[PDB]
Amino acid sequence: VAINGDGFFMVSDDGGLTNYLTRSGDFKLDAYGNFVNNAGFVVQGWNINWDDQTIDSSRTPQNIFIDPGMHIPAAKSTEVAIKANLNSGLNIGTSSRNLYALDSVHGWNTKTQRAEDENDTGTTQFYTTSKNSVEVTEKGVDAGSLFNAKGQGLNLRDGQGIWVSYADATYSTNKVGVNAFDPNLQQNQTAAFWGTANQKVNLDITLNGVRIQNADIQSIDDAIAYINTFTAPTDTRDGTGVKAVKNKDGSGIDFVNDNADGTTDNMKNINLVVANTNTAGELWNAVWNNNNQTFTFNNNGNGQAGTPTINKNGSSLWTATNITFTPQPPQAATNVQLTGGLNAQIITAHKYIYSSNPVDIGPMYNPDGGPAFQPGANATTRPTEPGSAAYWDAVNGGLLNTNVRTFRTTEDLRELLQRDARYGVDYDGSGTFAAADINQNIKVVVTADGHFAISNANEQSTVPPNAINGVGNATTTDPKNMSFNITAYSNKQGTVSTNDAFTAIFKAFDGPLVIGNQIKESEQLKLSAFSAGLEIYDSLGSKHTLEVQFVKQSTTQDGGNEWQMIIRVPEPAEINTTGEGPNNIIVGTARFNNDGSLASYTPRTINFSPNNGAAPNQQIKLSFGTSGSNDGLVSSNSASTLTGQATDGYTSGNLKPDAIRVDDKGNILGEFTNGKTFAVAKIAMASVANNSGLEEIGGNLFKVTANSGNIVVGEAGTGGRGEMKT
């Protein structure tokens with residue numbers, strides 16, 4: 001019942017030629033395929049050409065013919081398109097995936113036993129799980145693109161970072177073991193003197209940049225107590241983070257920094273410098289008067305038994321490494337001389353600072369695997385092989401410093417944490433690096449569940465020959481317990497902001513990790529991810545689903561972002577038969593501009609081989625948008641979501657007769673069993689110059705005259721016409 005108030009006169013015909021006109025629209029399909037009216041007149045229009053599925057309205061109008069039992073063969077996909085958003089912002093909810101797992105060996109896949117760069121975006125490695133799952137592994141990710149378990153962006157910025165303490169910083173003064181002065185020992189003494197009730201000593205030291213001075217020290221407990229006023233900061237004065245306690249005989253001090261307090265350099269580790277004008281706890285000559293029962297004190301001496309000359313020799317009793325009495329103990333000493341310096345720096349904590357710029361932490365020999373250690377010509381010569389040279393540097397003290405550790409990716413940070421736990425901590429508080437400080441079985445990895453994980457297996461290790469300077473044979477090194485303290489990084493000027501979200505990730509490391517089977521893990525790390533299943537059809541019209549996943553790898557502040565695009569097909573189908581990597585998996589990229597528009601994506605086409613009977617090498621075009629536009633893939637600050645997908649392929653199908661209808665454009669719409677809807681025919685609409693000059697012949701039929709003018713045939717919706725209802 002196709003009617004038209006607007007626009008005039010359908011054409012109608014019986015046999016060839018001889019057309020007629022009617023505004024009556026009571027139309028149906030017969031059992032023989034002809035579109036007719038009740039009078040059996042076949043409506044005139046244009047038929048679809050199935051060879052190109054086009055309707056040519058330019059051709060001469062003829063009988064509209066629609067085979068009722070018409071079968072349309074399946075058509076294979078030549079193109080698939082997607083409309084979707086990839087969240088570029090800081091809230092991704094559950095549209096995420098875990099951080100990729102990482103080896104304990106930098107630049108090396110331990111399972112394949114090959115050299116692979118974890119930070120290279122050109123390299124992508126898969127592994128097969130126990131549940132027969134093919135996952136990406138061994139991939140370092142820009143730390144700027146990290147999320148927590150909640151889907152909240154850590155929003156890490158260049159210059160931000162954290163402190164990681166691996167153990168407590170400790171130092172004991174007076175390691176030379178000179179006894180403390182004893183007022184109850186009624187004889188001359190040359191000892192460590194901390195003052196009496198009647199004699200004061202001068203405390204003069206610099207501790208973590210803070211000068212600690214007191215000339216009113218009358219006991220070691222006074223010194224300890226005064227020093228500990230500097231442990232915590234005041235609103236006007238820095239703290240040291242260093243607590244002091246007197247040793248067993250009260251001859252010296254035991255310092256400890258757990259590095260759990262503060263966010264600045266001055267609150268971490270122990271850097272002690274003693275002034276040469278310090279007298280507190282130094283060497284004094286105590287002379288006894290038997291008559292008066294009193295003591296007198298001097299710290300200079302005269303070069304005579306009981307009052308020997310005291311030569312500090314540019315050192316302090318606190319920090320000296322050697323002490324020498326002259327003459328030898330069989331005779332009373334007339335001179336005592338110290339050897340060493342005035343400072344001691346104990347390092348157990350390091351700062352890890354993020355850089356959005358490229359970072360190469362470099363290769364280093366690792367017993368865990370990879371390249372072998374390659375020594376130089378001798379045990380006193382640095383290696384030329386890069387990883388070996390860096391290993392040489394490490395085991396000779398090259399990491400025991402306060403240098404900034406710069407990282408960009410998760411692999412960078414992982415390996416840096418591992419290297420510092422192994423060679424960057426003064427475990428015995430000596431102020432120097434030795435093989436005793438080597439904790440080489442510490443391993444830092446990232447699990448498949450996205451956690452940083454640290455192990456401390458109770459196993460000895462080996463340092464190869466010619467690695468430690470002057471040591472030409474192998475060295476067995478022992479494991480050490482570790483105690484973690486994690487804080488945010490800042491400066492005293494307050495010009496670097498702290499990142500609580502990022503710091504909280506690694507504060508999960510906090511606590512002791514004793515040698516054994518225990519494992520310290522970080523909080524879970526996530527990535528912005530979005531997956532979609534794109535439907536296609538093979539030559540036989542079977543439906544296949546392209547598994548497409550986008551994971552954001554990096555972002556720039558006003559330069560857009562970049563995603564890894566992974567396409568999977570279930571076996572035995574193939575999309576990567578001739579390329580490297582698995583044959584059912586394609587690895588590509590999708591890059592976006594700062595406005596969220598598509599910049600580029602690759603690949604643009606795939607070569608599909610279903611291997612189910614259908615034809616192979618089915619080239620399928622990927623239509624994910626054009627560069628610079630928002631028509632396909634976009635990455636903007638809103639939830640990752642699929643708007644729609646489409647393909648030009650379809651399975652085989654048949655025409656359902658009773659589902660026929662007509663649009664306002666005169667198109668006869670045929671619905672099929674395959675879900676497709678085609679315009680199988682377009683109804684011709686024709687008008688005349690005059691409408692008042694026409695004759696009623698049949699039932700609402702009109703024939704042309706000389707008064708009407710000849711018939712001009714056109715298409716509804718063009719000119720000033722159109723059709724209605726169904």
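Because only heavy atoms are used, hydrogens play no part in the values below, and waters and symmetry mates are left out as well, while side chains stay in. Along the sequence shown, residues carry numbers from 1.
- Counting non-hydrogen atoms of neighbouring residues, nucleotides and ligands closer than 6.0 angstrom, the CG atom of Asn198 reaches no more than 12 such neighbours.
- A salt bridge does not link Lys480 to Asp428: none of the charged side-chain nitrogens sits closer than 4.0 Å to a carboxylate oxygen.
- Closest approach of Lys351 to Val404, counting heavy atoms only: CE-CG2, 3.7 Å.
- Contact check for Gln152 versus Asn91: side-chain heavy atoms found under the 4.5 Å cut-off.
- Of all non-hydrogen atoms in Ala191 and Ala180, the two that sit nearest each other are CB-C, 3.8 Å.
- Electrostatic pairing of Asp258 and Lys243 does not count as a salt bridge here, judged by no charged N lying under 4.0 Å from a carboxylate O.
- Nearest heavy atom pair, residue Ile253 against residue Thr173, reads N-OG1, 2.6 Å.
- A 6.0 Å sphere centred on NZ of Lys443 holds more than 12 heavy atoms belonging to other residues, nucleotides or ligands.
- By the 30° and 60° cut-offs, the orientation of the rings of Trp163 relative to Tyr489 is tilted.
- With respect to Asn366, the side chain to side chain donor-acceptor pair (under 3.5 Å) criterion is satisfied by exactly one of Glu415, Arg419, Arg422: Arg422.
- How far CG of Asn302 is from OG1 of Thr307: 3.0 Å, rounded to the nearest 0.5 Å.
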- Test side-chain hydrogen bond (donor to acceptor under 3.5 Å, both in side chains) on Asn119 and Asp412 and set out the steps. CA-CA 8 Å; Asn119 292 336; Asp412 292 339; 2.9 Å; yes

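- Checked by atom type and distance alone, the side chain of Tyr226 pairs as donor or acceptor with a backbone atom of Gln213 at under 3.5 Å.
- Panel note: side chain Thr279, backbone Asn202; a donor-acceptor pair is recorded below 3.5 Å.
- With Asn188 contributing its side chain and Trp288 its backbone, the two residues share a donor-acceptor pair below 3.5 Å.
- In this structure, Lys268 contributes its side chain and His350 its backbone to no donor-acceptor pair below 3.5 Å.
- Salt-bridge check for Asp393 with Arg382: passed, with a basic side-chain N closer than 4.0 Å to an acidic carboxylate O.
- In this structure, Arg408 contributes its side chain and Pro358 its backbone to no donor-acceptor pair below 3.5 Å.
- When all heavy atoms of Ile224 and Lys246 are compared, the pair lying nearest together is CD1-N, 3.8 Å.
- Rounding to the nearest 0.5 Å gives a distance of 9.0 Å between OH of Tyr427 and CZ of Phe433.
- Using a 4.5 Å cut-off on side-chain heavy atoms (C-beta onward), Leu102 and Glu118 make contact.
- Aromatic ring pairs are classed by plane angle as parallel below 30°, tilted from 30° to 60° and perpendicular above 60°; the pair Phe297 and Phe193 is parallel.
- With respect to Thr348, the side chain to side chain donor-acceptor pair (under 3.5 Å) criterion is satisfied by exactly one of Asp426, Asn259, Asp168: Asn259.
- Using a distance-only test at 3.5 Å, with no hydrogens or angles considered, no donor-acceptor pair links the side chain of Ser165 to the main chain of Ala349.
- Here the options are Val446, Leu154, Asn98, the test is side chain to side chain contact (heavy atoms under 4.5 Å, CB included), and the partner is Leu525; only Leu154 passes.
- In this model, no donor atom of one side chain and acceptor atom of the other lie less than 3.5 Å apart for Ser251 and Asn179.
- A distance-only check finds no donor-acceptor pair linking the side chain of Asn266 to the backbone of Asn208 [under 3.5 Å].
- For the atom pair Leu513 CG and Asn456 CG, the distance stands at 5.0 Å (nearest 0.5 Å).
- Between the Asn458 side chain and the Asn517 main chain, no donor and acceptor come within less than 3.5 Å of each other.
- A donor-acceptor pair under 3.5 Å is formed between the side chain of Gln160 and the backbone N or O of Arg157.
- With a 6.0 Å radius and a threshold of 12 heavy atoms from other residues, nucleotides or ligands, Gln460 has its CD atom above the threshold.
- Residue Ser96 comes nearest to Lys526 through the heavy atom pair OG-CD, 3.8 Å, listed as atom of the first residue, atom of the second, then distance.
- A distance of 10.5 Å separates CG in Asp158 from CD in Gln557, rounded to the nearest 0.5 Å.
- In this structure the side chain of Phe407 never reaches within 4.5 angstrom of the side chain of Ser355, judged on heavy atoms.
- Between the side chains of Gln440 and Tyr423, at least one donor N or O lies within less than 3.5 Å of an accepting N or O.
- Taken from CG in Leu207 to CZ in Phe230, the straight-line distance is 9.5 Å, to the nearest 0.5 Å.
- Smallest separation of non-hydrogen atoms from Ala474 and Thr462: CB-CG2, 3.9 Å.
- Taking the charged nitrogens against the carboxylate oxygens, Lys248 and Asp254 have no contact shorter than 4.0 Å, which rules out a salt bridge.
- Partner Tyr354 forms a side chain to side chain donor-acceptor pair (under 3.5 Å) with one of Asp142, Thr406, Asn499 and no other, that one being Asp142.
- Surrounding NZ of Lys507 are more than 12 heavy atoms belonging to other residues, nucleotides or ligands, all under 6.0 Å away.
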- Message: Run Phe295 and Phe181 through ring pair (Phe, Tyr, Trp, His ring centres under 6.0 Å) and show every step you take.
- Response: CA-CA 11 Å; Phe295 275 107; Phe181 158 74; 5.2 Å; yes

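- Taken from NE2 in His106 to CG in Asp368, the straight-line distance is 13.5 Å, to the nearest 0.5 Å.
- With hydrogens and angles disregarded, a donor-acceptor distance shorter than 3.5 Å links the side chain of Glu282 to the backbone of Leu317.
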